[PDB]
Amino acid sequence: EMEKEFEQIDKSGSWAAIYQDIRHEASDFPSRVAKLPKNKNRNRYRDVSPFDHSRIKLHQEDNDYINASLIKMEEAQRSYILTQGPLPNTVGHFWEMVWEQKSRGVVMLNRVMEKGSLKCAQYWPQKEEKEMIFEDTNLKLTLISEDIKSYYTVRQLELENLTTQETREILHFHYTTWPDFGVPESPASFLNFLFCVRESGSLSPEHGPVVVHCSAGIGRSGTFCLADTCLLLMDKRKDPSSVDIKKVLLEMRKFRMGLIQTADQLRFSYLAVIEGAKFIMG
């Protein structure tokens, strides 16, 4: 069981100790490509790089690099692309990746501005009539519709490969209310967000992996995937309580470093899964 296991840590306060064991056990893989100098402006944080083994490659010949990782959860049969909030110079790459990976959903867990600084570029159009052209990657992005809700917004976008004139509907699931500090108090809205992404079919294998990012693409991003996978595994397994969220996180950290940036985020993932497991079964 993992809910009793929750109190066990809450009462001992030892979330730090747990989370640090995760950091200590977490896999360590080369990120050669990320650290190459030409890609230095393709990274938002020096300390957040995709492993070479799991990194998304852009179908460019020059520089296939984007700071994005395929998290492939075999047991849960879920894939996610975790990426950083795009940079001014990588917005085109981000959409190229979306396109090339046949993603349906983009999940954004941060605001463009947080704590008075730009956490990522404004990489989607904010008004229907002001489409975005990404000339480097020959993509056109159009806001089609936007459903703004209390804790998150869902945007229908139209991504058009200008080279081939195919267009796809991309959903942009934008969680707008993660607090500037720490983590939400209840996971209720994060789960509604997750279930919203789920209900869209953006997590389903008929599509490319969902693209999820926050600023680094590991903190809140990790929390999103970890909760989704954990919940999906609880539905899939004969014994739901057997789902060990540390074990899941560690599996996910084989694909991208840093997933879950703090013990408070770890705690919240527990909360999210614990509370999420409840909701599924009614």
# chains A, B, ... in the order shown; residues from 1 in each chain; ligands from 1
>>> closest_atom_pairs(of="region 65-102 of chain A", to="region 52-61 of chain A", cutoff="9 Å", atoms="only C-alpha atoms", output="tab-separated table")
residue	atom	partner	partner_atom	distance
A:65	CA	A:57	CA	5.7
A:66	CA	A:56	CA	6.5
A:67	CA	A:55	CA	7.3
A:68	CA	A:56	CA	5.4
A:69	CA	A:55	CA	4.2
A:70	CA	A:54	CA	5.3
A:71	CA	A:54	CA	7.2
A:72	CA	A:54	CA	8.7
A:81	CA	A:56	CA	7.8
A:93	CA	A:58	CA	7.3
A:94	CA	A:58	CA	8.9
A:96	CA	A:58	CA	7.0
A:97	CA	A:58	CA	5.9
A:100	CA	A:59	CA	7.1
A:101	CA	A:56	CA	8.6
>>> write_last_selection(atoms="N, CA and C atoms", output="mmCIF file, in the first residue's frame")
data_model
loop_
_atom_site.group_PDB
_atom_site.id
_atom_site.type_symbol
_atom_site.label_atom_id
_atom_site.label_comp_id
_atom_site.auth_asym_id
_atom_site.auth_seq_id
_atom_site.Cartn_x
_atom_site.Cartn_y
_atom_site.Cartn_z
ATOM 1 N N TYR A 65 19.048 18.239 -32.489
ATOM 2 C CA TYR A 65 18.973 18.310 -31.046
ATOM 3 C C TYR A 65 17.791 19.146 -30.617
ATOM 4 N N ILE A 66 17.031 18.596 -29.688
ATOM 5 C CA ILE A 66 16.130 19.365 -28.861
ATOM 6 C C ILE A 66 16.191 18.807 -27.465
ATOM 7 N N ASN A 67 16.009 19.674 -26.495
ATOM 8 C CA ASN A 67 16.034 19.264 -25.113
ATOM 9 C C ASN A 67 14.694 18.627 -24.779
ATOM 10 N N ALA A 68 14.577 17.372 -25.181
ATOM 11 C CA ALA A 68 13.360 16.627 -25.036
ATOM 12 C C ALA A 68 13.729 15.156 -24.949
ATOM 13 N N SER A 69 12.971 14.438 -24.127
ATOM 14 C CA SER A 69 13.241 13.051 -23.835
ATOM 15 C C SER A 69 11.964 12.257 -24.008
ATOM 16 N N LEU A 70 12.089 11.094 -24.618
ATOM 17 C CA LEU A 70 10.999 10.139 -24.651
ATOM 18 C C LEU A 70 11.030 9.310 -23.385
ATOM 19 N N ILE A 71 10.036 9.494 -22.536
ATOM 20 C CA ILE A 71 9.811 8.623 -21.408
ATOM 21 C C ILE A 71 8.881 7.520 -21.907
ATOM 22 N N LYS A 72 9.369 6.278 -21.960
ATOM 23 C CA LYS A 72 8.593 5.169 -22.495
ATOM 24 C C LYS A 72 8.334 4.221 -21.343
ATOM 25 N N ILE A 81 6.800 12.644 -24.109
ATOM 26 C CA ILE A 81 7.949 13.464 -24.378
ATOM 27 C C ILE A 81 7.960 14.551 -23.337
ATOM 28 N N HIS A 93 11.723 24.408 -33.237
ATOM 29 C CA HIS A 93 12.112 23.023 -33.016
ATOM 30 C C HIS A 93 11.034 22.303 -32.242
ATOM 31 N N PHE A 94 10.471 22.979 -31.250
ATOM 32 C CA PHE A 94 9.436 22.361 -30.447
ATOM 33 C C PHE A 94 8.282 21.918 -31.329
ATOM 34 N N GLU A 96 8.316 21.467 -34.564
ATOM 35 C CA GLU A 96 8.804 20.424 -35.427
ATOM 36 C C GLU A 96 8.737 19.110 -34.713
ATOM 37 N N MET A 97 9.147 19.100 -33.457
ATOM 38 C CA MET A 97 9.106 17.857 -32.722
ATOM 39 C C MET A 97 7.684 17.368 -32.598
ATOM 40 N N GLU A 100 6.778 15.990 -35.945
ATOM 41 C CA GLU A 100 7.507 14.777 -36.297
ATOM 42 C C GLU A 100 7.138 13.628 -35.393
ATOM 43 N N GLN A 101 6.871 13.902 -34.133
ATOM 44 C CA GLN A 101 6.472 12.827 -33.238
ATOM 45 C C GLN A 101 4.993 12.521 -33.286
#
>>> select_by_dssp(residues="region 60-229 of chain A", states="strand (DSSP E)", output="PyMOL selection string")
chain A and resi 65-73+78-83+105-108+113-114+117-118+132-134+139-148+152-161+166-175+210-213
>>> residues_around(residues="residue 158 (chain A)", least_positions_apart="2", cutoff="9 Å", atoms="only C-alpha atoms", output="ChimeraX atom specification")
/A:140-144,156,160,167-171
>>> write_last_selection(atoms="N, CA, C and O atoms", output="compact mmCIF listing (two decimals), in the first residue's frame")
# COMPACT_ATOMS: atom_id res chain seq x y z
N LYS A 140 3.27 26.35 -39.48
CA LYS A 140 2.33 27.42 -39.23
C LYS A 140 1.42 26.92 -38.15
O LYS A 140 0.91 25.80 -38.21
N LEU A 141 1.24 27.74 -37.15
CA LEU A 141 0.46 27.38 -36.00
C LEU A 141 -0.65 28.38 -35.77
O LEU A 141 -0.39 29.56 -35.55
N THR A 142 -1.88 27.89 -35.68
CA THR A 142 -3.03 28.77 -35.58
C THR A 142 -3.86 28.43 -34.36
O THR A 142 -4.20 27.27 -34.14
N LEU A 143 -4.18 29.43 -33.57
CA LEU A 143 -5.12 29.21 -32.51
C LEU A 143 -6.51 29.08 -33.11
O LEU A 143 -6.94 29.95 -33.87
N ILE A 144 -7.21 28.01 -32.77
CA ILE A 144 -8.51 27.71 -33.33
C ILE A 144 -9.61 28.01 -32.33
O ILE A 144 -10.66 28.55 -32.69
N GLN A 156 -7.36 24.47 -28.71
CA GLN A 156 -7.24 23.79 -29.97
C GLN A 156 -6.35 24.61 -30.87
O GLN A 156 -6.62 25.77 -31.14
N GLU A 160 0.29 23.28 -39.07
CA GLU A 160 0.32 23.01 -40.48
C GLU A 160 1.76 22.92 -40.88
O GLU A 160 2.56 23.81 -40.57
N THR A 167 -2.19 19.42 -42.09
CA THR A 167 -2.50 20.15 -40.88
C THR A 167 -2.93 19.13 -39.86
O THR A 167 -3.54 18.13 -40.20
N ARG A 168 -2.63 19.42 -38.61
CA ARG A 168 -3.09 18.61 -37.51
C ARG A 168 -3.65 19.51 -36.44
O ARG A 168 -3.17 20.63 -36.22
N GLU A 169 -4.63 18.97 -35.75
CA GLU A 169 -5.17 19.58 -34.58
C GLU A 169 -4.32 19.15 -33.40
O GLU A 169 -4.27 17.97 -33.07
N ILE A 170 -3.69 20.11 -32.77
CA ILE A 170 -2.92 19.90 -31.56
C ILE A 170 -3.73 20.47 -30.42
O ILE A 170 -4.19 21.62 -30.50
N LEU A 171 -3.84 19.73 -29.35
CA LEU A 171 -4.44 20.29 -28.16
C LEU A 171 -3.35 20.77 -27.22
O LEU A 171 -2.34 20.11 -27.02
>>> closest_residue(among="A:213, A:161, A:251, A:269", to="residue 26 (chain A)", atoms="only C-alpha atoms")
A:251
>>> closest_residue(among="A:253, A:11, A:172, A:130", to="residue 28 (chain A)", atoms="only C-alpha atoms")
A:253
>>> residues_around(residues="region 229-234 of chain A", least_positions_apart="5", cutoff="8 Å", atoms="only C-alpha atoms", output="number ranges by chain")
A: 73, 75-76, 78, 239-245, 248, 273, 276-277
>>> closest_atom_pairs(of="region 101-214 of chain A", to="region 83-87 of chain A", cutoff="9 Å", atoms="only C-alpha atoms", output="JSON lines")
{"residue": "A:108", "atom": "CA", "partner": "A:85", "partner_atom": "CA", "distance": 8.0}
{"residue": "A:110", "atom": "CA", "partner": "A:85", "partner_atom": "CA", "distance": 8.3}
{"residue": "A:112", "atom": "CA", "partner": "A:85", "partner_atom": "CA", "distance": 8.7}
{"residue": "A:119", "atom": "CA", "partner": "A:85", "partner_atom": "CA", "distance": 6.8}
{"residue": "A:120", "atom": "CA", "partner": "A:85", "partner_atom": "CA", "distance": 4.8}
{"residue": "A:121", "atom": "CA", "partner": "A:87", "partner_atom": "CA", "distance": 5.3}
{"residue": "A:122", "atom": "CA", "partner": "A:86", "partner_atom": "CA", "distance": 8.4}
{"residue": "A:123", "atom": "CA", "partner": "A:86", "partner_atom": "CA", "distance": 7.1}
{"residue": "A:211", "atom": "CA", "partner": "A:83", "partner_atom": "CA", "distance": 6.9}
{"residue": "A:212", "atom": "CA", "partner": "A:83", "partner_atom": "CA", "distance": 6.1}
{"residue": "A:213", "atom": "CA", "partner": "A:83", "partner_atom": "CA", "distance": 5.0}
{"residue": "A:214", "atom": "CA", "partner": "A:85", "partner_atom": "CA", "distance": 5.5}
>>> write_last_selection(atoms="C-alpha atoms", output="short mmCIF file (atom, residue, chain, number, x, y, z; two decimals), in the first residue's frame")
data_model
loop_
_atom_site.label_atom_id
_atom_site.label_comp_id
_atom_site.auth_asym_id
_atom_site.auth_seq_id
_atom_site.Cartn_x
_atom_site.Cartn_y
_atom_site.Cartn_z
CA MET A 108 2.22 22.98 -20.31
CA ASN A 110 3.91 26.61 -16.24
CA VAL A 112 5.03 32.04 -19.61
CA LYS A 119 9.88 30.63 -17.99
CA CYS A 120 9.26 29.90 -21.63
CA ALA A 121 8.62 31.56 -24.90
CA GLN A 122 5.14 32.43 -26.02
CA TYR A 123 5.18 29.53 -28.44
CA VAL A 211 4.63 16.62 -25.21
CA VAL A 212 4.82 17.91 -21.66
CA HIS A 213 6.85 20.76 -20.37
CA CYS A 214 7.07 23.25 -17.57
#
>>> residues_around(residues="residue 145 (chain A)", least_positions_apart="3", cutoff="8 Å", atoms="only C-alpha atoms", output="list in words")
residues 128, 155, 156 and 157 of chain A
>>> write_last_selection(atoms="C-alpha atoms", output="PDB file, in the first residue's frame")
ATOM      1  CA  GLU A 128      -7.106  33.321 -33.787  1.00  0.00           C
ATOM      2  CA  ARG A 155      -6.519  25.311 -26.659  1.00  0.00           C
ATOM      3  CA  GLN A 156      -7.239  23.795 -29.974  1.00  0.00           C
ATOM      4  CA  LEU A 157      -4.407  24.617 -32.288  1.00  0.00           C
TER       5      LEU A 157
END
>>> residues_around(residues="region 176-192 of chain A", least_positions_apart="2", cutoff="10 Å", atoms="only C-alpha atoms", output="number ranges by chain")
A: 108-116, 148-153, 173-174, 194-198, 220, 223-224, 227-228, 262-276, 279
>>> write_last_selection(atoms="C-alpha atoms", output="PDB file, in the first residue's frame")
ATOM      1  CA  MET A 108       2.221  22.980 -20.315  1.00  0.00           C
ATOM      2  CA  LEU A 109       2.438  23.125 -16.557  1.00  0.00           C
ATOM      3  CA  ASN A 110       3.909  26.605 -16.236  1.00  0.00           C
ATOM      4  CA  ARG A 111       2.989  30.152 -17.073  1.00  0.00           C
ATOM      5  CA  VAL A 112       5.026  32.043 -19.608  1.00  0.00           C
ATOM      6  CA  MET A 113       5.950  34.409 -16.815  1.00  0.00           C
ATOM      7  CA  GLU A 114       6.561  33.169 -13.304  1.00  0.00           C
ATOM      8  CA  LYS A 115       8.198  34.906 -10.405  1.00  0.00           C
ATOM      9  CA  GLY A 116       8.709  37.890 -12.692  1.00  0.00           C
ATOM     10  CA  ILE A 148     -10.307  28.898 -20.363  1.00  0.00           C
ATOM     11  CA  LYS A 149     -11.144  27.354 -17.048  1.00  0.00           C
ATOM     12  CA  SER A 150     -10.339  28.064 -13.478  1.00  0.00           C
ATOM     13  CA  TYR A 151      -7.126  26.098 -13.121  1.00  0.00           C
ATOM     14  CA  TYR A 152      -6.260  25.374 -16.704  1.00  0.00           C
ATOM     15  CA  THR A 153      -6.976  26.247 -20.278  1.00  0.00           C
ATOM     16  CA  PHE A 173      -3.461  21.703 -22.186  1.00  0.00           C
ATOM     17  CA  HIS A 174      -2.213  24.574 -20.144  1.00  0.00           C
ATOM     18  CA  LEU A 194      -4.752  15.047 -16.199  1.00  0.00           C
ATOM     19  CA  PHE A 195      -8.160  13.526 -16.800  1.00  0.00           C
ATOM     20  CA  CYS A 196      -8.817  16.262 -19.275  1.00  0.00           C
ATOM     21  CA  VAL A 197      -5.683  15.393 -21.209  1.00  0.00           C
ATOM     22  CA  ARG A 198      -6.624  11.742 -20.962  1.00  0.00           C
ATOM     23  CA  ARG A 220       5.901  19.647 -12.678  1.00  0.00           C
ATOM     24  CA  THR A 223       4.702  15.019 -11.642  1.00  0.00           C
ATOM     25  CA  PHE A 224       2.268  14.933 -14.519  1.00  0.00           C
ATOM     26  CA  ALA A 227       0.803  10.485 -11.775  1.00  0.00           C
ATOM     27  CA  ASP A 228      -0.604   9.463 -15.093  1.00  0.00           C
ATOM     28  CA  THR A 262      11.820  18.620  -4.900  1.00  0.00           C
ATOM     29  CA  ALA A 263      10.467  16.514  -2.075  1.00  0.00           C
ATOM     30  CA  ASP A 264       7.414  18.735  -2.023  1.00  0.00           C
ATOM     31  CA  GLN A 265       6.769  17.742  -5.611  1.00  0.00           C
ATOM     32  CA  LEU A 266       7.353  14.123  -4.691  1.00  0.00           C
ATOM     33  CA  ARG A 267       4.846  14.487  -1.889  1.00  0.00           C
ATOM     34  CA  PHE A 268       2.376  16.045  -4.293  1.00  0.00           C
ATOM     35  CA  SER A 269       2.772  13.192  -6.759  1.00  0.00           C
ATOM     36  CA  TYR A 270       1.928  10.823  -3.947  1.00  0.00           C
ATOM     37  CA  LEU A 271      -1.059  13.027  -3.113  1.00  0.00           C
ATOM     38  CA  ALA A 272      -2.038  13.210  -6.733  1.00  0.00           C
ATOM     39  CA  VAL A 273      -1.883   9.459  -7.222  1.00  0.00           C
ATOM     40  CA  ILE A 274      -3.468   8.638  -3.877  1.00  0.00           C
ATOM     41  CA  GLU A 275      -6.300  11.046  -4.549  1.00  0.00           C
ATOM     42  CA  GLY A 276      -6.424  10.042  -8.181  1.00  0.00           C
ATOM     43  CA  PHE A 279     -11.592   8.998  -8.214  1.00  0.00           C
TER      44      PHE A 279
END
>>> closest_residue(among="A:127, A:42, A:24, A:4", to="residue 258 (chain A)", atoms="only C-alpha atoms")
A:24
>>> residues_around(residues="residue 39 (chain A)", least_positions_apart="6", cutoff="12 Å", atoms="only C-alpha atoms", output="number ranges by chain")
A: 31-33, 45-46, 49-50, 62-67, 89-90
>>> closest_residue(among="A:98, A:118, A:34, A:22", to="residue 209 (chain A)", atoms="only C-alpha atoms")
A:98
>>> atom_distance(atom1="CA of residue 219 (chain A)", atom2="CA of residue 254 (chain A)")
15.2 Å
>>> atom_distance(atom1="CA of residue 165 (chain A)", atom2="CA of residue 137 (chain A)")
13.0 Å
>>> atom_distance(atom1="CA of residue 1 (chain A)", atom2="CA of residue 225 (chain A)")
20.3 Å
>>> decode(residues="region 80-114 of chain A", atoms="N, CA, C and O atoms", output="compact mmCIF listing (two decimals), in the first residue's frame")
# COMPACT_ATOMS: atom_id res chain seq x y z
N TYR A 80 5.69 9.54 -22.93
CA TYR A 80 5.62 10.99 -22.88
C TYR A 80 6.90 11.54 -23.42
O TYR A 80 7.97 10.93 -23.24
N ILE A 81 6.80 12.64 -24.11
CA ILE A 81 7.95 13.46 -24.38
C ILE A 81 7.96 14.55 -23.34
O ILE A 81 7.02 15.36 -23.24
N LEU A 82 8.99 14.54 -22.51
CA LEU A 82 9.24 15.62 -21.58
C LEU A 82 10.21 16.58 -22.22
O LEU A 82 11.24 16.18 -22.76
N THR A 83 9.86 17.85 -22.19
CA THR A 83 10.76 18.79 -22.80
C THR A 83 10.81 20.04 -21.95
O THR A 83 10.03 20.24 -21.01
N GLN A 84 11.75 20.86 -22.28
CA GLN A 84 11.80 22.11 -21.57
C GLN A 84 10.80 23.06 -22.23
O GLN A 84 10.46 22.91 -23.41
N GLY A 85 10.34 24.03 -21.47
CA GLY A 85 9.67 25.16 -22.07
C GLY A 85 10.53 25.66 -23.21
O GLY A 85 11.74 25.90 -23.05
N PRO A 86 9.96 25.81 -24.39
CA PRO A 86 10.79 26.23 -25.50
C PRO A 86 11.35 27.61 -25.26
O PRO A 86 10.83 28.43 -24.47
N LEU A 87 12.45 27.79 -25.83
CA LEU A 87 13.18 29.02 -25.92
C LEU A 87 12.81 29.76 -27.18
O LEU A 87 12.40 29.15 -28.18
N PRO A 88 13.00 31.08 -27.17
CA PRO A 88 12.85 31.88 -28.38
C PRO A 88 13.45 31.22 -29.60
O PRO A 88 12.88 31.24 -30.70
N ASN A 89 14.63 30.66 -29.45
CA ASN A 89 15.28 30.08 -30.61
C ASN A 89 14.86 28.65 -30.89
O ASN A 89 15.22 28.11 -31.94
N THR A 90 14.13 28.00 -29.98
CA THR A 90 13.73 26.61 -30.16
C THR A 90 12.23 26.43 -30.32
O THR A 90 11.75 25.29 -30.36
N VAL A 91 11.47 27.52 -30.44
CA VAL A 91 10.03 27.34 -30.63
C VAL A 91 9.78 26.57 -31.90
O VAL A 91 8.91 25.71 -31.95
N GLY A 92 10.52 26.88 -32.95
CA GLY A 92 10.34 26.16 -34.19
C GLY A 92 10.68 24.70 -34.01
O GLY A 92 9.99 23.83 -34.52
N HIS A 93 11.72 24.41 -33.24
CA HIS A 93 12.11 23.02 -33.02
C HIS A 93 11.03 22.30 -32.24
O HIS A 93 10.70 21.16 -32.53
N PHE A 94 10.47 22.98 -31.25
CA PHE A 94 9.44 22.36 -30.45
C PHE A 94 8.28 21.92 -31.33
O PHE A 94 7.80 20.78 -31.22
N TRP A 95 7.84 22.79 -32.24
CA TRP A 95 6.70 22.41 -33.03
C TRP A 95 7.09 21.37 -34.06
O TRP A 95 6.29 20.49 -34.38
N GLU A 96 8.32 21.47 -34.56
CA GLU A 96 8.80 20.42 -35.43
C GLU A 96 8.74 19.11 -34.71
O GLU A 96 8.30 18.10 -35.28
N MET A 97 9.15 19.10 -33.46
CA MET A 97 9.11 17.86 -32.72
C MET A 97 7.68 17.37 -32.60
O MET A 97 7.40 16.20 -32.87
N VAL A 98 6.78 18.25 -32.16
CA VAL A 98 5.35 17.92 -32.08
C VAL A 98 4.91 17.27 -33.38
O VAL A 98 4.22 16.25 -33.40
N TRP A 99 5.26 17.91 -34.49
CA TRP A 99 4.85 17.43 -35.78
C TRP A 99 5.45 16.07 -36.03
O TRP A 99 4.73 15.10 -36.31
N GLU A 100 6.78 15.99 -35.95
CA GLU A 100 7.51 14.78 -36.30
C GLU A 100 7.14 13.63 -35.39
O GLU A 100 7.00 12.49 -35.86
N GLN A 101 6.87 13.90 -34.13
CA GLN A 101 6.47 12.83 -33.24
C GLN A 101 4.99 12.52 -33.29
O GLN A 101 4.56 11.67 -32.52
N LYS A 102 4.22 13.20 -34.14
CA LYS A 102 2.78 12.95 -34.31
C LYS A 102 2.04 13.14 -33.02
O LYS A 102 1.02 12.51 -32.74
N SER A 103 2.57 14.04 -32.21
CA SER A 103 1.88 14.32 -30.99
C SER A 103 0.55 15.01 -31.27
O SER A 103 0.37 15.72 -32.26
N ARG A 104 -0.38 14.73 -30.38
CA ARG A 104 -1.71 15.29 -30.36
C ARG A 104 -1.83 16.39 -29.33
O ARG A 104 -2.45 17.42 -29.59
N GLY A 105 -1.23 16.17 -28.18
CA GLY A 105 -1.39 17.02 -27.03
C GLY A 105 -0.04 17.61 -26.67
O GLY A 105 0.99 16.92 -26.74
N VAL A 106 -0.06 18.87 -26.32
CA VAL A 106 1.01 19.54 -25.63
C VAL A 106 0.49 19.88 -24.26
O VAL A 106 -0.55 20.51 -24.13
N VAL A 107 1.23 19.49 -23.24
CA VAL A 107 0.88 19.79 -21.87
C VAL A 107 1.90 20.78 -21.33
O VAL A 107 3.11 20.57 -21.41
N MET A 108 1.40 21.88 -20.81
CA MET A 108 2.22 22.98 -20.31
C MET A 108 1.82 23.21 -18.88
O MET A 108 0.64 23.39 -18.59
N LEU A 109 2.76 23.08 -17.96
CA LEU A 109 2.44 23.13 -16.56
C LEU A 109 2.93 24.40 -15.92
O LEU A 109 2.87 24.52 -14.70
N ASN A 110 3.39 25.35 -16.72
CA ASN A 110 3.91 26.61 -16.24
C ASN A 110 3.24 27.76 -16.96
O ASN A 110 2.60 27.60 -18.00
N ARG A 111 3.39 28.94 -16.39
CA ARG A 111 2.99 30.15 -17.07
C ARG A 111 4.20 30.68 -17.81
O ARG A 111 5.34 30.34 -17.48
N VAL A 112 3.93 31.43 -18.87
CA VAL A 112 5.03 32.04 -19.61
C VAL A 112 5.87 32.89 -18.68
O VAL A 112 7.11 32.86 -18.73
N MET A 113 5.22 33.63 -17.79
CA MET A 113 5.95 34.41 -16.81
C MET A 113 5.65 33.85 -15.44
O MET A 113 4.48 33.71 -15.07
N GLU A 114 6.72 33.57 -14.69
CA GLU A 114 6.56 33.17 -13.30
C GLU A 114 7.64 33.83 -12.48
O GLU A 114 8.81 33.87 -12.88
